[PDB]
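Report on the structure given below.
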Amino acid sequence: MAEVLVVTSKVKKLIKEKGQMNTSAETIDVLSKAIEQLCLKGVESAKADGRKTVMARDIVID
Amino acid sequence: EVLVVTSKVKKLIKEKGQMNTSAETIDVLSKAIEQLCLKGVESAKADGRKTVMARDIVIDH
DNA sequence: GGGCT
DNA sequence: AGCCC
């Protein structure tokens, strides 16, 4: 799907290796929505600063 | 290390923002995913489950 | 590599 | 001049 923004295999490997847990399909969808929201907040910060580039300091996790 | 699909993130930010994406931006997004997944493991384990589910990924903040 | 922010 | 397409 063109909608998936996370590397499914690497996310499942992290959760398996660090948690001994499986990962639901819906977990991948929520993580992809999280990325989309972070990128859109990033665009707003960069635009407010009059920049053309989304930089690390534009991505704030509360 | 990289947990986001770099080409799709750059396409989203280019298409939705008419902006470039810094290399460090990709690293911060990957750190964000790692932290969300590890908080997910905590919630799932606390609930006695063997699967990280959507309700384990808390993002409303 | 070839420009750009 | 460091860094992005």
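Going down the list, the protein sequences come from chains B and A.
The opening residue of the first sequence carries number 1 in the authors' numbering; numbering runs sequentially from there.
The opening residue of the second sequence carries number 3 in the authors' numbering; numbering runs sequentially from there.
In this text, a Cβ means the ideal position worked out from N, Cα and C, and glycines have one as well.
| query | result |
| --- | --- |
| Considering only DSSP beta bridges, list what A:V6 is partnered with. | B:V6 |
| If you pair each beta-carbon of the region 35-44 of chain B with each one of the region 8-18 of chain B, do three or more pairs fall below 8 Å? | no |
| So what does DSSP say about A:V54, is it helix, strand or coil? | strand |
| What residues from chain B crowd round residue 70 of chain A, counting only those whose CB sits closer than 8 Å? | An answer regarding residue 70 of chain A cannot be provided, because it is not within the stretch 3 to 63 covered by chain A. |
| Which partner residues of B:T23 appear in the DSSP bridge assignment? | A:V54 |
| If you compare alpha carbons, which of A:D62, A:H63 and A:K41 is closest to A:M55? | A:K41 |
| How would you list, in chain order, the residues of chain B whose beta-carbon sits under 8 Å from the beta-carbon of A:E36? | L14 |
| Starting from B:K10, find everything on chain A with Cβ-Cβ shorter than 7 Å and list it in chain order. | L5 |
| For B:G19, which of A:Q20, A:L31, A:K52 and A:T27 has the nearest alpha-carbon? | A:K52 |
| Suppose the cutoff is 7 Å on Cβ atoms and the five residues either side in sequence are ignored; what does the same chain contact list for B:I15 look like? | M21 and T23 |
| Which of helix, strand or coil does DSSP assign to A:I35? | helix |
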